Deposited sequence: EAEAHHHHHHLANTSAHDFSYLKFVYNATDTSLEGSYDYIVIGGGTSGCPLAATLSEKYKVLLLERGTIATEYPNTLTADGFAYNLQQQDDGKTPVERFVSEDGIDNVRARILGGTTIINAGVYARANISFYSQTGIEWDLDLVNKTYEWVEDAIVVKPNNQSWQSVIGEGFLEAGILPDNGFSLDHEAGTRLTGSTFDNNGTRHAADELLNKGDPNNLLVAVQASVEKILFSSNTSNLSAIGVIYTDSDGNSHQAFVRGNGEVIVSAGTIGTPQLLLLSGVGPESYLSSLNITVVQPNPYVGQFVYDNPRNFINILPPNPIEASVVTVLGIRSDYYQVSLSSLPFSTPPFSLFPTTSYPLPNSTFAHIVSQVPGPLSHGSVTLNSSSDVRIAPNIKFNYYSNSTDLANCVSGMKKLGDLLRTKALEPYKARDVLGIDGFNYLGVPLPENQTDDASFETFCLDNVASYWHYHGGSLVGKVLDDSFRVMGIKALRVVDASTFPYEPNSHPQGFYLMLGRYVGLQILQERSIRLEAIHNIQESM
């Protein structure tokens, strides 16, 4: 409010200091090296560059190469596009069997995501026990929001869903608010009112162009070490040739390669569980039993309704929040090619008309799994990942509560106009896929287990309190930090990009304050 961004084209001014990793003149010594130009990595690198020489290394290319990443209309397209190793969406399947994606592009997952912007639940900070500078946290949210967050305009389906949330008892009406609070609200979006996507790469425009260099298609393969200290990285370019870059003096390497990429790189570099790394004949630099451990994926459960008259497609902006479930709905055109991981399997029925995807998210979650290496040498080979969905019964109980609330939502007068048949029950809707069950808990448990998908908000693998201290330093190693979604075991809110955008700059400011 007051400070929020305006509608405007995507600002690629920063491309004036973006270079192909094939350029050997980038090799040398910097004050900071940031690995991964994503949600946390971009504002971290921009912030550090205000005073110091920074090299940001990103394995993907620049978003201008894939224009459908730059509009709200292109959201499904990037997920429908086949993964050829260069596309901004990298496809994967967890060992649980659930299809999923991660970003491979400068800007990270903010370039492919659903655009929902929220600040962290204000209780999160005290829950962590970290000594946060809370005033600075809030100044930093405003720094991000001034650049890339707007108040969304009205969308007919979002307004329907918001009336339904309220009628179904998800109270109070919070109006327009960026805050994760119980009740129903319109939140911010990183899509602007013209549908232009804004993203973490635009925060590079706040860096000092004399101090910040960005290398794209830079695949960082290994952290180099010396008092055990990180001293640099090895990265390879798109032609396959290798390159080295180093930090100097009191500088530091920061890993911002995401929930999947950060544990992978730590393990490949010999930071990780001693018996596991020894089992792979990877030389142990720093034993730590928790690298790649405590990896979480909040479950998404859903139904799809097919209204008898067309509904307008929308981006998610209206949120229904309770402590035990977070709910939204997306409306979408039909398609004959599925957006990968929207549904949990490729063998899911295709919609022939417009549909509403009505969704609940389990908080936490309490179930967790791990990231392990698939290759002990090649960072381009994706690691194995398993989330163990619903292995914790509290998660299953919370999904049951969310699914019952979705039942309530389907029974509201707000959603009544979208039934195919004017009958009393919710079997008057036409469904794509499996409808909601029956009244007893056992049928809701079965529905939750069988039809789970990824919410895409996975986190963990390099936790504060396990791998990192409260300053995000890797314990036992000087000049090495981790800043991204690998760092916390629970969500900060229903939609975490806002927290991790903030976190990139905030830790950058903490580093600079430490320096001084």
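Unmodelled regions of the deposited sequence, numbered from residue 1: 1-7, 234-237, 449-450, 530-542.
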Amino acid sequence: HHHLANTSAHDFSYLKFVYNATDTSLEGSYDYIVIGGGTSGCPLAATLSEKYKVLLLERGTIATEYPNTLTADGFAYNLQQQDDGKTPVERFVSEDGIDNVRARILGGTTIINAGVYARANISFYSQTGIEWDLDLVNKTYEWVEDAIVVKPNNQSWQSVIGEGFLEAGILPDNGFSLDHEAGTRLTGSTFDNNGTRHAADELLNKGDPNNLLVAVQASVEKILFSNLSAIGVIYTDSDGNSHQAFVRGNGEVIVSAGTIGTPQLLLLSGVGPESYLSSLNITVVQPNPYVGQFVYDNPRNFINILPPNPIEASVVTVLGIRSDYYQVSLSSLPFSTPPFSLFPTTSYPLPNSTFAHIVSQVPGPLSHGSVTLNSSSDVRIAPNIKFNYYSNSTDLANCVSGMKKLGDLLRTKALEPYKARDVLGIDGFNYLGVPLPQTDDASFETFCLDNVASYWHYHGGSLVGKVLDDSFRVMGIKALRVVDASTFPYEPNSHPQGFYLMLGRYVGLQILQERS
From here on, numbers count along this sequence of modelled residues.
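When the C-alpha B-factors of 114-122 and 204-212 are averaged, 204-212 comes out higher. Across the two stretches, 300-308 and 412-420, the PDB entry reports the greater mean Cα temperature factor for 412-420.
As recorded in the PDB entry, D146 shows the highest C-alpha B-factor of the residues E221, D146, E90, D99. As recorded in the entry, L228 carries the highest CA temperature factor of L265, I385, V316, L228. Annotation for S360: C-alpha temperature factor in the lowest third relative to the rest of the modelled chain, per the entry. Sort the chain's modelled residues by C-alpha temperature factor and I161 lands in the middle third, per the entry. In the PDB entry, a CA B factor belonging to the middle third of its chain's modelled residues is recorded for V507. The entry lists a Cα temperature factor for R473 that places it in the middle third of the chain's modelled residues. For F488, the recorded CA temperature factor ranks within the lowest third of the chain's modelled residues.
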